[PDB]
Amino acid sequence: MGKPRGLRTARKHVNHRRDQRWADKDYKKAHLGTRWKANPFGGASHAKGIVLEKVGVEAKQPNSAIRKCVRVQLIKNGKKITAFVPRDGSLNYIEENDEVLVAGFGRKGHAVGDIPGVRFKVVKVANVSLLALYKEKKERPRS
Amino acid sequence: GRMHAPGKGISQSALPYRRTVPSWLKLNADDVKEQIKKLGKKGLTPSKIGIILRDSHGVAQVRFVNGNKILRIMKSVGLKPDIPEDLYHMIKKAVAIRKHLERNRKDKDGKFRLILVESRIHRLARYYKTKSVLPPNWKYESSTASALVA
Amino acid sequence: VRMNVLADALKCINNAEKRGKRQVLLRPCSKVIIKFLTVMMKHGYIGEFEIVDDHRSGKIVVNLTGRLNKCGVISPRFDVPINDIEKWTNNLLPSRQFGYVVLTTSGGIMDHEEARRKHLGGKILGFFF
RNA sequence: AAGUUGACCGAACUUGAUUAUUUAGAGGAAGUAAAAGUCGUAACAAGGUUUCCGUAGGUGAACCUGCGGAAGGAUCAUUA
RNA sequence: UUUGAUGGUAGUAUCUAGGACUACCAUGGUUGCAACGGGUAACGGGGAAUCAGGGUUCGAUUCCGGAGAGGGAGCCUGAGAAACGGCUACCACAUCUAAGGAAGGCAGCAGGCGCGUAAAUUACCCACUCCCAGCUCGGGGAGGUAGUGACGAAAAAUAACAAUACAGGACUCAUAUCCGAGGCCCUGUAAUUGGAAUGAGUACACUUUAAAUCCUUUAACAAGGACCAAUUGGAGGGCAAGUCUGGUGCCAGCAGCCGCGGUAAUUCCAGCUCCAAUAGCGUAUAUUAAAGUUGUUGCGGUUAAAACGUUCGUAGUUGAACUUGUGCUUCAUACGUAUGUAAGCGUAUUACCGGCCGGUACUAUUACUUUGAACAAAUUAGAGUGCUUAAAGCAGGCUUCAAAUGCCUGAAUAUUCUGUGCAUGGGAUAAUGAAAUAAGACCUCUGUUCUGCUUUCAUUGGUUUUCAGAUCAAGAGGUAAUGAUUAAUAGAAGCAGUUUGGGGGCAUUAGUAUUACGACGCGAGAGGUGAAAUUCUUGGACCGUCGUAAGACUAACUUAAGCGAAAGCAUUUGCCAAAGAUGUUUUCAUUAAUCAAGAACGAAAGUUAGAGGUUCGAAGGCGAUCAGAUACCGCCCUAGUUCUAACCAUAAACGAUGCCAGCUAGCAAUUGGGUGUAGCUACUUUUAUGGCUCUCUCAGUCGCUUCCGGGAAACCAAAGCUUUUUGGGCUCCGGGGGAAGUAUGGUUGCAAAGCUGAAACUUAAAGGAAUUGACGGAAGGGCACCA
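Chains as they are written, first to last, in UniProt numbering: chain A, 1 to 143; chain B, 2 to 151; chain C, 2 to 130.
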């Protein structure tokens, strides 16, 4: 539908797809500079930080469980975010103000499931690799 | 059809396949020379000479009785117009819409019909300045125009 | 207005054979389009057509068999060299058994089997199978 | 050789303007989540005043009313 | 563009051109084909990642090029540097100092701090490849070489062969969804046990190398699982895999999404098992494919997101047909047939000599296309080849176990460096070009006019003619078929044209009505409503009647009619200008198509400034109803409706459907025009006309019926011809839902507001057409003493 089918319309065609790529939500997400201004991660996969408080997120209904998140301030630009910790245990293994390594959750930035707003996930705490201390292959130091 | 109107109706002349008929003509074929210009001296545009000779002579089509057309025969005599005919009548219309509008304003649908006829004087001017029967520096200015056509 | 005579006389063929008429009237027969049907005539698809000669532009009353399936035109007439002549037979024609893409090469109007042996390139003029 | 006179390249700081970002703010006002609060029932059934639109005014709130439009209507309509 | 911007001119300056710099003149130069400005998480290119193609993303990174050494500037020597492993200063950081002063730049190789999600040894030698010096020999953290190294690629430990033990189906056969014997062409579980192999290690020596290490080569050692002991994820679906057992009880938690979990959990946590890939695999971010969800190939826009309200209109994009096409004669050539190479007629497809053949004079153009030229390698494509194979590598192989300058051949060809530019063939397609009262061609070759200069006037000078290499114009009156394609079921314009239409403007004019008043009769009611009340009767109302006056609105006729670009348009009559259509052996000759920007019009409401001011009537004020009622209903009313002169620019401005063009079907009506109906038919007499009748015909518009149609359907002669990802051209718009047509900037406006127009955050659905139930101020047709 539409498009000019003449011989010398290469000017209009490359103008149009440049004009109309700015309606696509996936193109324009990566072409606006907000992987540093809006992303509290520094345009990257992981980040490190220092925690503040261990809190209970009320899950979105139909499901109903307090979700045991952690609100952390990452040291890269001082922004204060909230991360989720998996695999029950996981908060008697934290002992607040230990240095944590934080990653994403999986849906390419935005939130995922029953937990509203929480987009990041704790990977290591005090260097000892939280998924491995959950199965007690590593122990968090008492120092 | 109709660049400035919706109505797509088709109607024209249907010229036949045979060319040199009349096979019954009273005089010379080229004695329409001295009746193209003898009625060209009465100020008749060649549309009116193409139909005044359909009924007295009565010639069918001039470009088969002679070699070439009616407008070319007149400037072979030397009666070509100062402005060609499809601009002479297209401007005399746009003159008359302005003279109707210098007394009957509140009329936004005679005004619209002026923008139509002025947007196509500018299309026959933009062509006649290419094929070089109008010179350049020839525009439609509507303050001199009424002394051209009258 | 008619920016192609070749489109306004090949859809006019193709619309009149899906209804299965035996004669199509096309208008107004550019000599481009006569030598397009002459490619289609000598491969069986078209009967011996007749050119009515009125001295305005011409008319043709083209006989046909019923072997045609889709006989359209490509526009705009893309210049095709010989090395990219098979990118236009692959994605267009149904199989490489049969069908043709007609070219206006530098020598004449010919299909894509005679041009690849005579080693000529040109513009795409249309297609039929 | 020092030193010098005049030109020319010109760092640099001081001031003004010009951009291009980022940030503190009394108050104000919109949005989202949060169903489980209050008040009424706006809409969908002729949702009990058919609805919607543009535009103005009015009203605790959904809304109301005028003027014009549309059917996405509750009439494809039978009335020489 | 003052303060060089664009050019001229003379200069200076430099190695040299040049506004590079100066002085004087000139006013240029770039621009919607995107200049200028901004951003860049930008060093450019070779190349890299990923796909069937078309492609998207990346390239700090070993190769070429640019660039720079904390920040800027300056500069010396030098053929070469605006050099920083050179200097000078300023700025910022640091250093030593006996306080006077002196020196410093690791974005060289190592190493330390720091920042960080994010990156190794303060090792060894110039044997290699080359570079430099006075130069066989010196130097070179260039370079090679070990140590770290799960970035990434390649080849592959974690068993194998049998025995009985217990065991399966199957093979023969008693027998046949029962059953024995040879249990067996079977495989498992066996700390039964007993055997065969072995590299993993290990260790002499060796080869290795600059000296080494490792691998390869290796004399001695080295397997019985209890060990030389493979783990990472998952077992609801998507997705190959326990409806296993205990635990917990919408808890703990799990889950990419859908979904699980509420004292039986196939989804949690564990046990017992199982399934995938395997020295691997899981997670996070990015990116490609998936994606026909960015659509050139290849989407969508009636209703799902989406045709600008309307039409003009420049840039742009697209543009009707037409020109030497072939025929014969042939022969060369697949089998009387087939020319597919060519030759002979359409008056001359370029003039000479050479022995059909070469030098040779002469080439309307561009795009396209053929084959070329031309140019880095690595990569890539990939030829060849037993590094044992492999990814690689550019070697190697042979006679041959040899003696043996003793041989043999390597070390391809291409995409790429896609395009530009050049050479050559072609001349289909597509533009431009030419000859108009001829500054047309050859000719009238006339000498009327030429231009010029090297050969000879012994040498050298004067008188001056010819060939004049060439170049202007010919004695012009004569010899050239002496030159203008069609006229588009394209457009435009005309017409002695006949009309036609609620088209627009201005006057004029009519119709009843609704008021409001004036008379007169009447007598107590009247408005209204679900019921009311407000309200009108100082009775003279209501009603009846004649009236006068004013402002509105143009009924009925009124249609599935018409006109108009759209919004819109209805009393006659006059005048004004314009329009479609039909007719036309009229005229011109491609003038056309569509369209950013820009223009003109744009219902209602709202706004200004006057004139009006009946009806109606937001707002306001009362009366009811109602739990409430700022509403619906009822009364007087205000802004407004009205007219003028401006503004505004939006409507469900809808057919939720852009415009020009071609095609594709029935059936019936009507608007307009044309043409044959002595078809009728009004009467001057029939005729001329008018009315209709059927019969045609244009442009249609309606209507209905179904396609060889299409679509998710509803449905539509277009919304079809969107074949088998298709192609007539042009333009606009959409990319899940919200936040939001918000914020903000700009622009328009007197204001109201209009045209532009995001993101944060949030979300697993929102939506379309249809189906069954629900069976309600939904109509229809029926039933019952639980009516």
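Backbone N, C-alpha and C fix where the C-beta goes; we use that ideal spot for every residue, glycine too.
Query	Result
Best match in A:39, A:94 and A:81 for proximity to residue 141 (chain A) [C-alpha to C-alpha]	A:94
Within 9 Å of chain A by C-beta, residues of the region 68 to 84 of chain C in sequence order	76, 77, 78 and 79
Which of helix, strand or coil DSSP assigns to residue 15 (chain A)	helix
Three-state secondary structure (DSSP) of residue 4 (chain C)	coil
Residue 73 (chain A) versus residue 84 (chain A): straight-line alpha-carbon distance, rounded	14 Å
Residue 38 (chain C) to residue 72 (chain C) span [Cα, whole Å]	10 Å
Contact list for the region 4 to 21 of chain A against chain C, Cβ threshold 8 Å	5, 6 and 7
Three-state secondary structure assigned by DSSP to residue 84 (chain A)	strand
Of the listed residues C:113, C:81 and C:80, nearest to residue 44 (chain C) (C-alpha basis)	C:113
Straight-line Cα distance separating residue 126 (chain C) from residue 74 (chain C)	6 Å
contact_flag[the region 48 to 61 of chain B, the region 98 to 113 of chain B] where n(CB pairs < 8 Å) is 3 or more	no
Residue of B:139, B:132 and B:51 minimising C-alpha distance to residue 75 (chain B)	B:51
Unbroken beta strand (DSSP E) run spanning residue 24 (chain C), endpoints	24 to 27
For residue 71 (chain B) and residue 42 (chain C), the rounded distance between their alpha carbons	45 Å
Inter-residue spacing [alpha-carbon to alpha-carbon] between residue 15 (chain B) and residue 62 (chain B)	12 Å
Nearest to residue 57 (chain C) (by Cα), restricted to the options B:18, B:39, B:80 and B:78	B:18
Span of the beta strand (DSSP E), counted from its first residue to its last, around residue 69 (chain A)	69 to 74
Nonlocal neighbours in the same chain, by C-beta distance under 6 Å from residue 26 (chain C), ignoring five residues either side	62
Straight-line gap, residue 114 (chain B) to residue 124 (chain B) (C-alpha atoms, nearest Å)	16 Å
Environment of residue 18 (chain A) [buried if 16+ CB atoms lie within 10 Å]	exposed
Beta-carbon proximity list for residue 49 (chain C), same chain, < 8 Å, skipping 5 on both sides	42 and 64
The beta strand (DSSP E) enclosing residue 103 (chain A), as first and last residue numbers	99 to 104
Given residue 47 (chain A) as reference, the closest of A:100, A:38 and A:2 once Cα atoms are compared	A:100
Neighbourhood of residue 29 (chain C) by C-beta, 6 Å cutoff - its chain only, sequence neighbours within 5 removed	58 and 59
Sequence-distant residues of the same chain with beta carbon closer than 7 Å to residue 65 (chain B), five excluded per side	20 and 21
Residue 92 (chain A) (DSSP reduced to helix, strand or coil)	coil
Cβ pair residue 91 (chain A), residue 70 (chain A) closer than 9 Å	yes
Integer Cβ distance of residue 128 (chain A) from residue 138 (chain A), believed to fall under 8 Å	5 Å
Cβ-based burial, residue 46 (chain C) [other Cβ within 10 Å; buried from 16]	buried
Residue 151 (chain B) beta carbon less than 9 Å from that of residue 119 (chain B)	no
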